[PDB]
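As structure tokens, one chain now follows by itself in the form deposited in one PDB entry.
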């Protein structure tokens, strides 16, 4: 039983995000969740009920006010379904994070565990929903050098290009972590970062000593009723200039054969993924290869949709779609294998998903253009789609173009 209150803040638009970050500052050190899905910002505080999957997928724990329960881990998706069905959870927004290694675990691909949970789902104790200067309450500058270690990355890209030329796989996203000098101030980074971006969703969370914040450029998946959508963005140029340099870069992208190829190969794989969980004949491209503006960078983007088959649910669709093809590679299983052989730090949540599940929707945003901090590390991370035609130098520059989406706006 939660009490609710509605407040009209007589606030100008300019003050809406400043007010949201100011609330977040008041949350201090408490566990919390922030999700932007226009026209709303959803803020959760504390933990009423949580599902926790540990880093190697061997232990599932359900926690609520009756205590901890261990659940069987025969399928993480079944644990998720059990969570969502629970009396503590039905009819409440659930805030979730899914780590990169959830994929290897679901697919029976051996992997070296990182430190972060594979999956968590949380119902918060308190919530604030901001919309157009109204609020509903439910209650009971860093300098970072993105050029550094750029040499070792070019080598990783070389290896990938060489492995693609040998036929091992067709596309792989190779990424790099940039260790940061200190922990960051989440509220301020959210404020400055967000105004410098135009993401499909924004998020921030703090849970069990781990935090992340980011400006998600695309959906892994959205399900509303029986309709499932995925939004592959792939093929990039900067937009770090005048409207003229940007338009020239847009033009240079829409017609560059290499980028078009990398885009369309990814879209075809997304179609194939949806066809696995959808009614025959229902999978269509609703928007084909249009340019999407994302702060420092612009990308070719497509929207693909289908109707879920009678025997499939949103967790089946999620398991197939995860991680985004555009953040992993083609064929997906081969690219996942390659990422674990080429990359030398755990991705953790990078290239994973942030979830908001509610009455009408299962919403899953791709974790890119994000910052991560825990007891051991504080970092940003960005990657690039590598294909046969890729060259190490362009791909290093491309990772810098993407890092410029967040790195300038990291605040202490």
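Numbering follows the first chain given and starts at 1.
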Could you bin the unmodelled part of the deposited chain lying between residue 140 and residue 141 as none, 1 to 3, 4 to 9, or 10 or more?
10 or more
Between 107 to 115 and 124 to 132, name whichever shows the higher mean Cα B factor according to the PDB entry.
107 to 115
In the PDB record, does 246 to 254 or 190 to 198 carry the higher mean Cα temperature factor?
246 to 254
Largest Cα B-factor, entry values, listed residues 360, 54, 381, 351
360
At the C-alpha atoms, which of 344, 37, 50, 347 reaches the highest B-factor in this entry?
344
Of the three thirds of its chain by CA temperature factor, lowest, middle or highest, which one includes residue 102?
middle
Please say which third, lowest, middle or highest, residue 169 falls into when its CA temperature factor is compared across its chain.
middle
Using the B-factor values recorded in the entry, state whether the Cα atom of residue 27 falls in the lowest, middle or highest third among the modelled residues of its chain.
highest
What third of its chain, lowest, middle or highest, does the C-alpha temperature factor of residue 323 fall into?
lowest
In terms of the CA temperature factor given in the entry, to which third of its chain does residue 218 belong: lowest, middle or highest?
lowest
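Only in words, not in the display: the form deposited with a small molecule bound, which the text now covers.
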If the criterion is a non-hydrogen atom within 4.5 angstroms, does every one of 218, 234 and 326 touch the small molecule in the bound PDB entry?
yes
For residue 355, is any heavy atom within 4.5 Å of the small molecule in the bound PDB entry, or not?
no
In the bound PDB entry, does residue 332 come within 4.5 Å of the small molecule, counting heavy atoms only?
no
Contact with the small molecule in the bound PDB entry for residue 173, defined as at least one heavy atom pair within 4.5 Å: yes or no?
yes
Is the gap between residue 299 and the small molecule in the bound PDB entry 4.5 Å or less for some heavy atom pair?
yes
If you check 384, 34, 364, 371 against the small molecule in the bound PDB entry, which one has a heavy atom within 4.5 Å?
384
Which of 226 to 234, 276 to 284, 116 to 124, 177 to 185 sits within 4.5 Å of the small molecule in the bound PDB entry, heavy atom basis
226 to 234
